[PDB]
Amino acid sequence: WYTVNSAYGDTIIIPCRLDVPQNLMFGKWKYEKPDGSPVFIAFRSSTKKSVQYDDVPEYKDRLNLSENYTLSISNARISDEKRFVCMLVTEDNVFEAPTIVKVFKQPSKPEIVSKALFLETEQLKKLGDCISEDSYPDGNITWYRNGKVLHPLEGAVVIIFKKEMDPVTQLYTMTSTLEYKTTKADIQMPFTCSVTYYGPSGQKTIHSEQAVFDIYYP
């Protein structure tokens, strides 16, 4: 299970992962549908040096099959997250090698929006919505009070999370609503949020700017 990690919008470089055989006739690249059905996308003849791309609109003007059978896909999309197979064909044999492609799109810097004009003591109020957009894969939202993680607590800290996918791009938008019961200790205290996600270089976290609220009490 060899994997190629690519950032959204970059060129995906997929080497064949096969030794060049003696008596090579041609090579072909294909991708597998979710249930394993094959779709051929590129062809290269070793004898004629010709290059042909199958009529697959999803890959129109996006492929380049080099002389050593490396397939390059331009402008990485979420639909490119598939298993690709390099097939080398000789006069009496077929050799196949798969490569898993994973695509990553960095979530937007989170922002606290739809903010309360003021928080009320002994009353649960919607502090705001922490939104992080156009991400792939989805991310986890954490809330903080004075730079310290704010965990849920019955009748005091209620966190309502949702992840929505755009059906055309397959990118995620994460929204975390914080319903909060303030105290006078929150006078001039900053509230922030962050998004934790997996990218090509591993697990990363991006923090938001702070939000300070006027605390009202009877």
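Start at 1 with the first residue shown and count on from there.
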Of 38-46 and 169-177, the one with larger mean CA B-factor:
38-46
Which is higher on average in the deposited entry, the C-alpha temperature factors of 18-26 or of 203-211?
18-26
Please pick out which of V94, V85, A116, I78 has the largest Cα B-factor as recorded in the entry.
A116
Checking the record values for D138, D134, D129, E122, which has the greatest CA B factor?
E122
Split the chain's modelled residues into thirds by Cα B-factor; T192 lands in the lowest
Chain-relative CA temperature factor third for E164:
lowest
